[PDB]
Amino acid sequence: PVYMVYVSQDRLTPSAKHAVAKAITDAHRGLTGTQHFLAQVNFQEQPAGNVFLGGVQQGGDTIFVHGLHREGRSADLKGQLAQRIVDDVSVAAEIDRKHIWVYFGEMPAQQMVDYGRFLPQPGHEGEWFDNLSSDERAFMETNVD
């Protein structure tokens, strides 16, 4: 996956960012069975005042998570994952759930590239990693915490 996490400038310290990325990644691997290192968390910070809710300028406490996934998972599984991300990001970022928005977009695996490689179908990550070249797998493996 690629999770675009849209937050206000400095609402998450370097270390808060690490735990938010940790929670998003662990929720993904735990619920989909995809390797930790396939989860990309991409923080987009902006100055406070760039978020408007119903036309009202907002402070620095809103969080939008835009997830980009492969097609192939069920509406049930996707709802569990969206609810776990709301839950865990809440505890990692110490933010009320009322502040958290989470959208999942889906694309065919055949038009999705991670680490310069095309992704397999959901659940086939096992064989697909074994097929990767030896220093491809190595580079991916250096991104697990």
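Note that residue numbering follows the sequence shown and begins at 1.
Colleague: Pick between 18 to 26 and 129 to 137: the one whose mean CA B-factor in the entry is higher.
Modeller: Result of the comparison: 129 to 137.
Colleague: Tell me which of 87 to 95 and 107 to 115 has the higher mean C-alpha B-factor in the deposited entry.
Modeller: Mean B over CA atoms: larger for 87 to 95.
Colleague: Ordered by C-alpha B-factor within the chain, which third holds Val5? Give me lowest, middle or highest, please.
Modeller: As the PDB entry reports it, the C-alpha B-factor of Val5 lands in the lowest third of its chain.
Colleague: Among the modelled residues of this chain, does the Cα B factor of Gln44 put it in the lowest, middle or highest third?
Modeller: As the PDB entry reports it, the C-alpha B-factor of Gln44 lands in the lowest third of its chain.
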